[PDB]
Amino acid sequence: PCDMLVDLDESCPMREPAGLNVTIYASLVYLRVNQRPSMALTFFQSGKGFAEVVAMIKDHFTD
Amino acid sequence: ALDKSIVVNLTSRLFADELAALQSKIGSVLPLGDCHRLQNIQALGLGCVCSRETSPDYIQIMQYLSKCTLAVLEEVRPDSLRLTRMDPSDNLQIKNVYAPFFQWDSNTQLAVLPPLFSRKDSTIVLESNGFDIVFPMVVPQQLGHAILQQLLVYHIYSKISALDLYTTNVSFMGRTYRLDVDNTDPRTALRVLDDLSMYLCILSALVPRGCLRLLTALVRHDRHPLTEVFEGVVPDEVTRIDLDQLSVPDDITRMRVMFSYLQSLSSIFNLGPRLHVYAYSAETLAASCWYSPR
Amino acid sequence: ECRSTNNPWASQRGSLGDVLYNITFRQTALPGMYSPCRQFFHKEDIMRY
């Protein structure tokens with residue numbers, strides 16, 4: 001679904017390398033709404049290597 | 001099956017000077033941008049992120065390195081550079097000409113790092129075309145880790161200065177080395193340190209009490225070879241936390257979360273792509289290895 | 001030959017034209033923009049001729 005997917009490589013460019021590989025990641029976020037525990041599952045799409053995307057996912061879920 | 005070869009077109013005849021350096025490093029790993037046979041020379045360098053006039057930031061360069069496809073040279077003709085390619089998951093001959101020389105053997109382990117000892121030795125300049133080429137360095141994981149350990153320790157203790165023997169020296173069995181820091185942009189090296197301040201103060205909240213009381217029984221008299229960090233004196237902080245009573249099912253829930261956040265420190269201490277050598281020849285300096293991008 | 005120089009704010013070795021315009025091009029990810037005056041005020045590129 002287009003609603004769940006969160007793209008990650010998106011730029012003006014305002015240059016990044018090409019490659020052979022772009023990897024779909026899943027995520028699942030424990031949170032609380034209405035003082036009741038509930039989850040949230042989103043998807044991620046980037047070929048940046050695992051060391052960047054964990055830093056890129058934290059900026060998405062900052063709030 | 002599959003083909004992998006990259007022949008690099010080039011707009012000027014190279015001189016005999018720079019042809020001698022490229023002939024000396026004939027087996028060498030260097031990244032490049034696009035996955036095609038024909039290619040400009042301005043993609044072959046690592047110098048698109050590490051330039052002379054711009055201050056390089058070695059974390060961002062290393063952050064750049066896990067994106068790119070990698071390549072090994074085959075020939076250096078006077079016009080065109082001819083390279084072969086590294087793809088998952090393929091066995092390939094790799095031959096180290098890397099100048100801060102280390103010794104490998106059969107069943108060793110490798111990883112690719114930016115040049116962190118001598119930039120002038122590891123980058124040759126092409127005055128013929130005006131664009132310079134930067135070679136990366138391949139290091140076994142033990143020194144592959146221990147350089148990134150010392151580089152993160154440096155950017156903590158350069159900010160406190162707002163001297164060198166403790167901050168810029170990588171230690172190893174038998175040798176000591178000098179990291180190359182004259183002009184580094186610390187800001188991409190500090191978002192890594194900003195996330196370390198996130199994990200490390202969570203790890204200070206869920207410390208097990210039985211493991212702190214174990215050290216108060218240990219380091220006072222029981223002296224071991226690997227506990228010489230504390231020098232025989234307990235810290236002032238460890239005596240302040242163990243005032244509670246020990247209970248087993250409290251620390252069961254703590255040691256699971258202690259276990260699960262040490263899974264997360266893989267993401268902040270990542271090297272680049274890793275190279276699993278299964279056979280290495282000694283006198284020929286070649287090897288055989290399968291490439292795995294992680 | 002009735003005068004040396006028309007304006008002493010371009011031709012003099014440290015003048016305001018030389019301060020603004022001698023600088024070689026610095027690449028940045030944000031798109032750099034063009035200066036027509038950089039053709040005349042550049043010691044390095046004119047020595048190519």
# chains A, B, ... in the order shown; residues from 1 in each chain; ligands from 1
call {"tool": "interface_residues", "arguments": {"of": "chain B", "to": "chain C", "cutoff": "12 Å", "atoms": "only C-alpha atoms", "output": "PyMOL selection string"}}
result
chain B and resi 48-49+51-54
call {"tool": "write_last_selection", "arguments": {"atoms": "N, CA and C atoms", "output": "mmCIF file, in the first residue's frame"}}
result
data_model
loop_
_atom_site.group_PDB
_atom_site.id
_atom_site.type_symbol
_atom_site.label_atom_id
_atom_site.label_comp_id
_atom_site.auth_asym_id
_atom_site.auth_seq_id
_atom_site.Cartn_x
_atom_site.Cartn_y
_atom_site.Cartn_z
ATOM 1 N N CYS B 48 35.743 12.026 -5.183
ATOM 2 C CA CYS B 48 34.520 12.805 -5.335
ATOM 3 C C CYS B 48 33.942 13.182 -3.977
ATOM 4 N N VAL B 49 34.394 12.516 -2.913
ATOM 5 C CA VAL B 49 33.991 12.912 -1.571
ATOM 6 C C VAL B 49 35.204 13.381 -0.754
ATOM 7 N N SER B 51 38.410 15.542 -1.277
ATOM 8 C CA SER B 51 39.162 16.439 -2.144
ATOM 9 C C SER B 51 40.261 17.121 -1.342
ATOM 10 N N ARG B 52 41.095 17.882 -2.052
ATOM 11 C CA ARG B 52 42.177 18.617 -1.402
ATOM 12 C C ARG B 52 41.662 19.893 -0.744
ATOM 13 N N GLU B 53 40.912 20.706 -1.492
ATOM 14 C CA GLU B 53 40.531 22.021 -0.984
ATOM 15 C C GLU B 53 39.389 21.926 0.023
ATOM 16 N N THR B 54 38.509 20.941 -0.125
ATOM 17 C CA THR B 54 37.471 20.706 0.868
ATOM 18 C C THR B 54 38.063 19.864 1.991
#
call {"tool": "interface_residues", "arguments": {"of": "chain A", "to": "chain B", "cutoff": "10 Å", "atoms": "only C-alpha atoms", "output": "JSON list (two decimals) with N, CA, C and O atoms, in the first residue's frame"}}
result
[["chain", "number", "residue", "atom", "x", "y", "z"],
["A", 15, "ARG", "N", 25.00, 14.84, -5.24],
["A", 15, "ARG", "CA", 25.03, 13.65, -6.09],
["A", 15, "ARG", "C", 25.29, 12.39, -5.27],
["A", 15, "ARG", "O", 26.19, 12.35, -4.44],
["A", 16, "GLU", "N", 24.50, 11.35, -5.53],
["A", 16, "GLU", "CA", 24.59, 10.08, -4.83],
["A", 16, "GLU", "C", 24.94, 8.98, -5.81],
["A", 16, "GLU", "O", 24.60, 9.06, -6.99],
["A", 17, "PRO", "N", 25.64, 7.93, -5.36],
["A", 17, "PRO", "CA", 26.02, 6.85, -6.28],
["A", 17, "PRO", "C", 24.85, 5.98, -6.66],
["A", 17, "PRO", "O", 23.90, 5.81, -5.89],
["A", 18, "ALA", "N", 24.92, 5.42, -7.86],
["A", 18, "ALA", "CA", 24.03, 4.33, -8.23],
["A", 18, "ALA", "C", 24.65, 3.00, -7.81],
["A", 18, "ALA", "O", 25.80, 2.93, -7.35],
["A", 19, "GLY", "N", 23.88, 1.93, -7.97],
["A", 19, "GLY", "CA", 24.34, 0.62, -7.56],
["A", 19, "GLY", "C", 23.53, -0.46, -8.22],
["A", 19, "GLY", "O", 22.89, -0.25, -9.25],
["A", 20, "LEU", "N", 23.58, -1.65, -7.62],
["A", 20, "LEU", "CA", 22.81, -2.79, -8.08],
["A", 20, "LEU", "C", 21.68, -3.14, -7.13],
["A", 20, "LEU", "O", 20.83, -3.98, -7.46],
["A", 21, "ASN", "N", 21.61, -2.49, -5.97],
["A", 21, "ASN", "CA", 20.86, -3.03, -4.85],
["A", 21, "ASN", "C", 20.13, -1.91, -4.12],
["A", 21, "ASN", "O", 20.74, -0.93, -3.69],
["A", 22, "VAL", "N", 18.82, -2.07, -3.98],
["A", 22, "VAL", "CA", 18.00, -1.25, -3.09],
["A", 22, "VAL", "C", 17.10, -2.18, -2.29],
["A", 22, "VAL", "O", 16.51, -3.12, -2.84],
["A", 47, "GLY", "N", 18.91, 2.20, -0.60],
["A", 47, "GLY", "CA", 20.10, 1.41, -0.82],
["A", 47, "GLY", "C", 21.33, 2.03, -0.20],
["A", 47, "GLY", "O", 22.41, 2.04, -0.80],
["A", 48, "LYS", "N", 21.19, 2.56, 1.01],
["A", 48, "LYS", "CA", 22.22, 3.37, 1.64],
["A", 48, "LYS", "C", 23.14, 2.58, 2.57],
["A", 48, "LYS", "O", 24.05, 3.17, 3.15],
["A", 49, "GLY", "N", 22.93, 1.29, 2.73],
["A", 49, "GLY", "CA", 23.73, 0.62, 3.74],
["A", 49, "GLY", "C", 23.12, 0.75, 5.12],
["A", 49, "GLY", "O", 22.49, 1.75, 5.46],
["A", 50, "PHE", "N", 23.34, -0.28, 5.94],
["A", 50, "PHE", "CA", 22.62, -0.40, 7.21],
["A", 50, "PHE", "C", 23.08, 0.64, 8.23],
["A", 50, "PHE", "O", 22.33, 0.96, 9.16],
["A", 51, "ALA", "N", 24.27, 1.19, 8.07],
["A", 51, "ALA", "CA", 24.76, 2.18, 9.02],
["A", 51, "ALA", "C", 24.09, 3.53, 8.89],
["A", 51, "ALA", "O", 24.07, 4.29, 9.87],
["A", 52, "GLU", "N", 23.53, 3.87, 7.72],
["A", 52, "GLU", "CA", 22.88, 5.16, 7.55],
["A", 52, "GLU", "C", 21.39, 5.09, 7.89],
["A", 52, "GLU", "O", 20.84, 6.02, 8.47],
["A", 53, "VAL", "N", 20.74, 3.98, 7.50],
["A", 53, "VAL", "CA", 19.29, 3.90, 7.55],
["A", 53, "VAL", "C", 18.79, 3.88, 8.98],
["A", 53, "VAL", "O", 17.73, 4.44, 9.29],
["A", 54, "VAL", "N", 19.57, 3.30, 9.90],
["A", 54, "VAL", "CA", 19.22, 3.35, 11.31],
["A", 54, "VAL", "C", 19.30, 4.78, 11.83],
["A", 54, "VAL", "O", 18.50, 5.20, 12.66],
["A", 55, "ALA", "N", 20.21, 5.58, 11.27],
["A", 55, "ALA", "CA", 20.22, 7.01, 11.59],
["A", 55, "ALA", "C", 19.15, 7.76, 10.81],
["A", 55, "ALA", "O", 18.72, 8.84, 11.23],
["A", 58, "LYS", "N", 15.62, 7.06, 12.69],
["A", 58, "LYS", "CA", 15.45, 7.82, 13.92],
["A", 58, "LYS", "C", 15.03, 9.26, 13.66],
["A", 58, "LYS", "O", 14.33, 9.86, 14.48]]
call {"tool": "interface_residues", "arguments": {"of": "chain C", "to": "chain A", "cutoff": "9 Å", "atoms": "only C-alpha atoms", "output": "ChimeraX atom specification"}}
result
/C:29-31
call {"tool": "select_by_dssp", "arguments": {"residues": "stretch 134-288 of chain B", "states": "strand (DSSP E)", "output": "list in words"}}
result
residues 134, 137, 138, 139, 169, 170, 171, 176, 177, 178, 274, 275, 276, 277, 278, 279, 280, 287 and 288 of chain B
call {"tool": "write_last_selection", "arguments": {"atoms": "N, CA, C and O atoms", "output": "PDB file, in the first residue's frame"}}
result
ATOM      1  N   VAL B 134      41.748   8.514  -5.573  1.00  0.00           N
ATOM      2  CA  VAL B 134      41.993   8.141  -4.187  1.00  0.00           C
ATOM      3  C   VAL B 134      41.788   6.641  -4.051  1.00  0.00           C
ATOM      4  O   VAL B 134      40.724   6.124  -4.404  1.00  0.00           O
ATOM      5  N   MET B 137      41.637   1.692   1.535  1.00  0.00           N
ATOM      6  CA  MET B 137      42.486   0.739   2.227  1.00  0.00           C
ATOM      7  C   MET B 137      41.650  -0.452   2.671  1.00  0.00           C
ATOM      8  O   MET B 137      40.518  -0.281   3.131  1.00  0.00           O
ATOM      9  N   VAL B 138      42.195  -1.662   2.536  1.00  0.00           N
ATOM     10  CA  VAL B 138      41.554  -2.855   3.078  1.00  0.00           C
ATOM     11  C   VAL B 138      42.349  -3.325   4.289  1.00  0.00           C
ATOM     12  O   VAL B 138      43.587  -3.334   4.289  1.00  0.00           O
ATOM     13  N   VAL B 139      41.624  -3.606   5.366  1.00  0.00           N
ATOM     14  CA  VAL B 139      42.189  -3.834   6.693  1.00  0.00           C
ATOM     15  C   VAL B 139      41.479  -5.071   7.231  1.00  0.00           C
ATOM     16  O   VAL B 139      40.287  -5.251   6.943  1.00  0.00           O
ATOM     17  N   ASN B 169      46.707   7.944  18.097  1.00  0.00           N
ATOM     18  CA  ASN B 169      47.529   6.754  17.891  1.00  0.00           C
ATOM     19  C   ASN B 169      46.673   5.497  17.988  1.00  0.00           C
ATOM     20  O   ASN B 169      46.002   5.270  19.001  1.00  0.00           O
ATOM     21  N   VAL B 170      46.702   4.686  16.933  1.00  0.00           N
ATOM     22  CA  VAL B 170      46.055   3.378  16.916  1.00  0.00           C
ATOM     23  C   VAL B 170      47.042   2.347  17.448  1.00  0.00           C
ATOM     24  O   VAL B 170      48.147   2.208  16.913  1.00  0.00           O
ATOM     25  N   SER B 171      46.647   1.618  18.488  1.00  0.00           N
ATOM     26  CA  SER B 171      47.520   0.608  19.070  1.00  0.00           C
ATOM     27  C   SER B 171      47.238  -0.772  18.480  1.00  0.00           C
ATOM     28  O   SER B 171      46.109  -1.086  18.086  1.00  0.00           O
ATOM     29  N   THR B 176      52.710   0.685  16.450  1.00  0.00           N
ATOM     30  CA  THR B 176      51.876   1.848  16.722  1.00  0.00           C
ATOM     31  C   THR B 176      51.843   2.713  15.470  1.00  0.00           C
ATOM     32  O   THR B 176      52.798   2.750  14.689  1.00  0.00           O
ATOM     33  N   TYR B 177      50.735   3.423  15.281  1.00  0.00           N
ATOM     34  CA  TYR B 177      50.522   4.143  14.035  1.00  0.00           C
ATOM     35  C   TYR B 177      49.944   5.521  14.319  1.00  0.00           C
ATOM     36  O   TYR B 177      49.517   5.822  15.434  1.00  0.00           O
ATOM     37  N   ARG B 178      49.945   6.356  13.283  1.00  0.00           N
ATOM     38  CA  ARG B 178      49.487   7.738  13.362  1.00  0.00           C
ATOM     39  C   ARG B 178      48.301   7.929  12.430  1.00  0.00           C
ATOM     40  O   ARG B 178      48.429   7.742  11.217  1.00  0.00           O
ATOM     41  N   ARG B 274      32.129  -6.429   3.876  1.00  0.00           N
ATOM     42  CA  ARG B 274      33.089  -7.333   4.484  1.00  0.00           C
ATOM     43  C   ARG B 274      33.519  -8.391   3.480  1.00  0.00           C
ATOM     44  O   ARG B 274      32.771  -8.768   2.576  1.00  0.00           O
ATOM     45  N   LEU B 275      34.746  -8.863   3.664  1.00  0.00           N
ATOM     46  CA  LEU B 275      35.405  -9.771   2.737  1.00  0.00           C
ATOM     47  C   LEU B 275      35.899 -10.989   3.500  1.00  0.00           C
ATOM     48  O   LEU B 275      36.763 -10.867   4.372  1.00  0.00           O
ATOM     49  N   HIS B 276      35.357 -12.158   3.170  1.00  0.00           N
ATOM     50  CA  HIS B 276      35.658 -13.400   3.872  1.00  0.00           C
ATOM     51  C   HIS B 276      36.676 -14.194   3.065  1.00  0.00           C
ATOM     52  O   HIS B 276      36.311 -14.889   2.113  1.00  0.00           O
ATOM     53  N   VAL B 277      37.942 -14.100   3.440  1.00  0.00           N
ATOM     54  CA  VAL B 277      39.013 -14.796   2.736  1.00  0.00           C
ATOM     55  C   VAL B 277      39.024 -16.248   3.191  1.00  0.00           C
ATOM     56  O   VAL B 277      39.050 -16.528   4.392  1.00  0.00           O
ATOM     57  N   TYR B 278      38.990 -17.179   2.236  1.00  0.00           N
ATOM     58  CA  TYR B 278      39.092 -18.590   2.595  1.00  0.00           C
ATOM     59  C   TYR B 278      40.468 -19.170   2.266  1.00  0.00           C
ATOM     60  O   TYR B 278      40.938 -20.077   2.957  1.00  0.00           O
ATOM     61  N   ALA B 279      41.123 -18.670   1.222  1.00  0.00           N
ATOM     62  CA  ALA B 279      42.474 -19.098   0.879  1.00  0.00           C
ATOM     63  C   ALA B 279      43.320 -17.888   0.508  1.00  0.00           C
ATOM     64  O   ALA B 279      42.916 -17.078  -0.331  1.00  0.00           O
ATOM     65  N   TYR B 280      44.496 -17.777   1.127  1.00  0.00           N
ATOM     66  CA  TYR B 280      45.444 -16.695   0.871  1.00  0.00           C
ATOM     67  C   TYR B 280      46.821 -17.290   0.612  1.00  0.00           C
ATOM     68  O   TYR B 280      47.318 -18.084   1.418  1.00  0.00           O
ATOM     69  N   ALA B 287      44.873 -13.743  -3.076  1.00  0.00           N
ATOM     70  CA  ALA B 287      43.964 -14.419  -2.165  1.00  0.00           C
ATOM     71  C   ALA B 287      42.757 -14.904  -2.949  1.00  0.00           C
ATOM     72  O   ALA B 287      42.723 -14.850  -4.181  1.00  0.00           O
ATOM     73  N   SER B 288      41.764 -15.392  -2.216  1.00  0.00           N
ATOM     74  CA  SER B 288      40.488 -15.783  -2.788  1.00  0.00           C
ATOM     75  C   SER B 288      39.432 -15.535  -1.731  1.00  0.00           C
ATOM     76  O   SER B 288      39.613 -15.895  -0.568  1.00  0.00           O
TER      77      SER B 288
END
call {"tool": "atom_distance", "arguments": {"atom1": "atom CA of residue B:29", "atom2": "atom CA of residue B:62"}}
result
14.5 Å
call {"tool": "atom_distance", "arguments": {"atom1": "atom CA of residue B:31", "atom2": "atom CA of residue B:265"}}
result
26.3 Å
call {"tool": "closest_residue", "arguments": {"among": "C:41, C:2, C:33, C:9", "to": "residue C:21", "atoms": "only C-alpha atoms"}}
result
C:41
call {"tool": "atom_distance", "arguments": {"atom1": "atom CA of residue C:36", "atom2": "atom CA of residue C:18"}}
result
13.9 Å
call {"tool": "residues_around", "arguments": {"residues": "residue B:144", "least_positions_apart": "4", "cutoff": "8 Å", "atoms": "only C-alpha atoms", "output": "list in words"}}
result
residues 110, 111, 112, 113, 139, 140, 148 and 271 of chain B
call {"tool": "write_last_selection", "arguments": {"atoms": "N, CA, C and O atoms", "output": "mmCIF file, in the first residue's frame"}}
result
data_model
loop_
_atom_site.group_PDB
_atom_site.id
_atom_site.type_symbol
_atom_site.label_atom_id
_atom_site.label_comp_id
_atom_site.auth_asym_id
_atom_site.auth_seq_id
_atom_site.Cartn_x
_atom_site.Cartn_y
_atom_site.Cartn_z
ATOM 1 N N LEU B 110 38.304 -9.506 6.301
ATOM 2 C CA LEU B 110 38.694 -8.189 5.808
ATOM 3 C C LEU B 110 37.511 -7.233 5.790
ATOM 4 O O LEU B 110 36.355 -7.626 5.959
ATOM 5 N N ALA B 111 37.837 -5.960 5.551
ATOM 6 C CA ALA B 111 36.884 -4.870 5.383
ATOM 7 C C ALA B 111 37.610 -3.677 4.780
ATOM 8 O O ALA B 111 38.825 -3.535 4.932
ATOM 9 N N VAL B 112 36.849 -2.806 4.112
ATOM 10 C CA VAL B 112 37.391 -1.702 3.321
ATOM 11 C C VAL B 112 37.251 -0.403 4.103
ATOM 12 O O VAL B 112 36.176 -0.101 4.632
ATOM 13 N N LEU B 113 38.327 0.380 4.155
ATOM 14 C CA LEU B 113 38.373 1.605 4.942
ATOM 15 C C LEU B 113 38.918 2.735 4.082
ATOM 16 O O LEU B 113 39.644 2.487 3.113
ATOM 17 N N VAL B 139 41.624 -3.606 5.366
ATOM 18 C CA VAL B 139 42.189 -3.834 6.693
ATOM 19 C C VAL B 139 41.479 -5.071 7.231
ATOM 20 O O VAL B 139 40.287 -5.251 6.943
ATOM 21 N N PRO B 140 42.144 -5.958 7.972
ATOM 22 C CA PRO B 140 41.401 -6.954 8.753
ATOM 23 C C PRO B 140 40.540 -6.295 9.822
ATOM 24 O O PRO B 140 40.839 -5.187 10.266
ATOM 25 N N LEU B 148 38.430 2.911 13.793
ATOM 26 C CA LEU B 148 37.187 3.646 14.034
ATOM 27 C C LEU B 148 36.949 3.863 15.525
ATOM 28 O O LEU B 148 36.214 4.777 15.917
ATOM 29 N N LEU B 271 31.369 -1.376 9.966
ATOM 30 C CA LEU B 271 32.352 -1.142 8.927
ATOM 31 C C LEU B 271 31.631 -1.109 7.586
ATOM 32 O O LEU B 271 30.399 -1.097 7.511
#
call {"tool": "select_by_dssp", "arguments": {"residues": "stretch 4-186 of chain B", "states": "helix (DSSP H, G or I)", "output": "ChimeraX atom specification"}}
result
/B:16-24,41-43,58-65,119-122,141-159
call {"tool": "closest_atom_pairs", "arguments": {"of": "stretch 31-57 of chain A", "to": "stretch 1-11 of chain A", "cutoff": "6 Å", "atoms": "only C-alpha atoms", "output": "JSON lines"}}
result
{"residue": "A:42", "atom": "CA", "partner": "A:4", "partner_atom": "CA", "distance": 5.1}
{"residue": "A:43", "atom": "CA", "partner": "A:5", "partner_atom": "CA", "distance": 4.6}
{"residue": "A:44", "atom": "CA", "partner": "A:6", "partner_atom": "CA", "distance": 5.2}
{"residue": "A:45", "atom": "CA", "partner": "A:7", "partner_atom": "CA", "distance": 5.2}
{"residue": "A:46", "atom": "CA", "partner": "A:8", "partner_atom": "CA", "distance": 5.6}
call {"tool": "write_last_selection", "arguments": {"atoms": "N, CA, C and O atoms", "output": "short mmCIF file (atom, residue, chain, number, x, y, z; two decimals), in the first residue's frame"}}
result
data_model
loop_
_atom_site.label_atom_id
_atom_site.label_comp_id
_atom_site.auth_asym_id
_atom_site.auth_seq_id
_atom_site.Cartn_x
_atom_site.Cartn_y
_atom_site.Cartn_z
N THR A 42 5.60 0.51 9.47
CA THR A 42 5.88 1.22 8.23
C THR A 42 6.98 0.49 7.48
O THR A 42 7.64 -0.41 8.01
N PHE A 43 7.18 0.88 6.23
CA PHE A 43 8.15 0.29 5.33
C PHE A 43 9.15 1.36 4.90
O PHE A 43 8.87 2.55 4.92
N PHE A 44 10.34 0.92 4.50
CA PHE A 44 11.39 1.84 4.08
C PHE A 44 12.10 1.28 2.86
O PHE A 44 12.26 0.07 2.73
N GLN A 45 12.54 2.17 1.98
CA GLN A 45 13.13 1.78 0.70
C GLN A 45 14.36 2.64 0.43
O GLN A 45 14.23 3.80 0.03
N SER A 46 15.54 2.06 0.62
CA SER A 46 16.78 2.78 0.35
C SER A 46 17.92 1.79 0.18
O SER A 46 17.91 0.70 0.75
#
call {"tool": "residues_around", "arguments": {"residues": "residue B:173", "least_positions_apart": "4", "cutoff": "12 Å", "atoms": "only C-alpha atoms", "output": "PyMOL selection string"}}
result
chain B and resi 102+142-143+146+177
call {"tool": "write_last_selection", "arguments": {"atoms": "C-alpha atoms", "output": "compact mmCIF listing (two decimals), in the first residue's frame"}}
result
# COMPACT_ATOMS: atom_id res chain seq x y z
CA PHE B 102 49.89 -6.11 7.21
CA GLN B 142 40.47 -6.21 14.29
CA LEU B 143 42.39 -3.17 13.09
CA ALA B 146 40.34 -0.30 16.19
CA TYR B 177 50.52 4.14 14.03
call {"tool": "decode", "arguments": {"residues": "stretch 41-103 of chain B", "atoms": "C-alpha atoms", "output": "mmCIF file, in the first residue's frame"}}
result
data_model
loop_
_atom_site.group_PDB
_atom_site.id
_atom_site.type_symbol
_atom_site.label_atom_id
_atom_site.label_comp_id
_atom_site.auth_asym_id
_atom_site.auth_seq_id
_atom_site.Cartn_x
_atom_site.Cartn_y
_atom_site.Cartn_z
ATOM 1 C CA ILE B 41 37.385 8.811 -14.958
ATOM 2 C CA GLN B 42 35.533 11.155 -12.586
ATOM 3 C CA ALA B 43 33.680 8.197 -11.032
ATOM 4 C CA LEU B 44 36.691 5.928 -10.422
ATOM 5 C CA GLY B 45 38.169 8.038 -7.664
ATOM 6 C CA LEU B 46 37.105 8.093 -4.076
ATOM 7 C CA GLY B 47 38.078 11.786 -4.491
ATOM 8 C CA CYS B 48 34.520 12.805 -5.335
ATOM 9 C CA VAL B 49 33.991 12.912 -1.571
ATOM 10 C CA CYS B 50 37.648 13.380 -0.457
ATOM 11 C CA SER B 51 39.162 16.439 -2.144
ATOM 12 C CA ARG B 52 42.177 18.617 -1.402
ATOM 13 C CA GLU B 53 40.531 22.021 -0.984
ATOM 14 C CA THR B 54 37.471 20.706 0.868
ATOM 15 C CA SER B 55 38.141 19.372 4.354
ATOM 16 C CA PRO B 56 37.491 15.611 4.284
ATOM 17 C CA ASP B 57 35.329 13.951 6.907
ATOM 18 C CA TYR B 58 36.428 10.342 7.205
ATOM 19 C CA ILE B 59 33.161 9.052 8.669
ATOM 20 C CA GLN B 60 31.161 10.543 5.773
ATOM 21 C CA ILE B 61 33.723 9.105 3.352
ATOM 22 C CA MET B 62 33.260 5.732 5.031
ATOM 23 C CA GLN B 63 29.501 6.328 5.058
ATOM 24 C CA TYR B 64 29.885 6.948 1.309
ATOM 25 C CA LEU B 65 31.805 3.720 0.829
ATOM 26 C CA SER B 66 29.028 1.248 1.648
ATOM 27 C CA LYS B 67 26.808 2.739 -1.076
ATOM 28 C CA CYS B 68 29.200 2.292 -3.988
ATOM 29 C CA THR B 69 29.916 -0.738 -6.071
ATOM 30 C CA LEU B 70 33.528 -1.833 -5.755
ATOM 31 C CA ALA B 71 36.041 -2.852 -8.391
ATOM 32 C CA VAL B 72 39.447 -4.470 -8.900
ATOM 33 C CA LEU B 73 41.887 -3.462 -11.632
ATOM 34 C CA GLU B 74 43.047 -5.794 -14.391
ATOM 35 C CA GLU B 75 45.287 -3.714 -16.696
ATOM 36 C CA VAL B 76 46.603 -0.173 -17.071
ATOM 37 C CA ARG B 77 46.860 0.643 -20.770
ATOM 38 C CA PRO B 78 48.279 4.085 -21.714
ATOM 39 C CA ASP B 79 44.834 5.289 -22.787
ATOM 40 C CA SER B 80 42.201 3.309 -20.903
ATOM 41 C CA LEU B 81 41.948 1.806 -17.441
ATOM 42 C CA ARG B 82 40.509 -1.715 -17.451
ATOM 43 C CA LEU B 83 38.852 -2.975 -14.278
ATOM 44 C CA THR B 84 36.903 -5.986 -13.060
ATOM 45 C CA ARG B 85 33.909 -5.863 -10.763
ATOM 46 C CA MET B 86 32.834 -7.202 -7.355
ATOM 47 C CA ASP B 87 29.255 -8.432 -6.986
ATOM 48 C CA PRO B 88 27.377 -10.490 -4.398
ATOM 49 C CA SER B 89 28.102 -13.232 -4.033
ATOM 50 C CA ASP B 90 31.160 -14.061 -6.085
ATOM 51 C CA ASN B 91 34.536 -15.642 -5.365
ATOM 52 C CA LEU B 92 37.398 -13.518 -6.656
ATOM 53 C CA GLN B 93 41.166 -13.103 -6.593
ATOM 54 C CA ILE B 94 42.329 -10.179 -4.450
ATOM 55 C CA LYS B 95 45.978 -9.130 -4.189
ATOM 56 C CA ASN B 96 47.145 -6.619 -1.565
ATOM 57 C CA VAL B 97 49.636 -3.961 -2.623
ATOM 58 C CA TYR B 98 48.462 -1.781 0.259
ATOM 59 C CA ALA B 99 51.302 0.341 1.557
ATOM 60 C CA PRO B 100 50.884 0.231 5.389
ATOM 61 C CA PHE B 101 51.562 -3.465 5.054
ATOM 62 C CA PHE B 102 49.894 -6.113 7.213
ATOM 63 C CA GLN B 103 50.093 -9.894 6.943
#
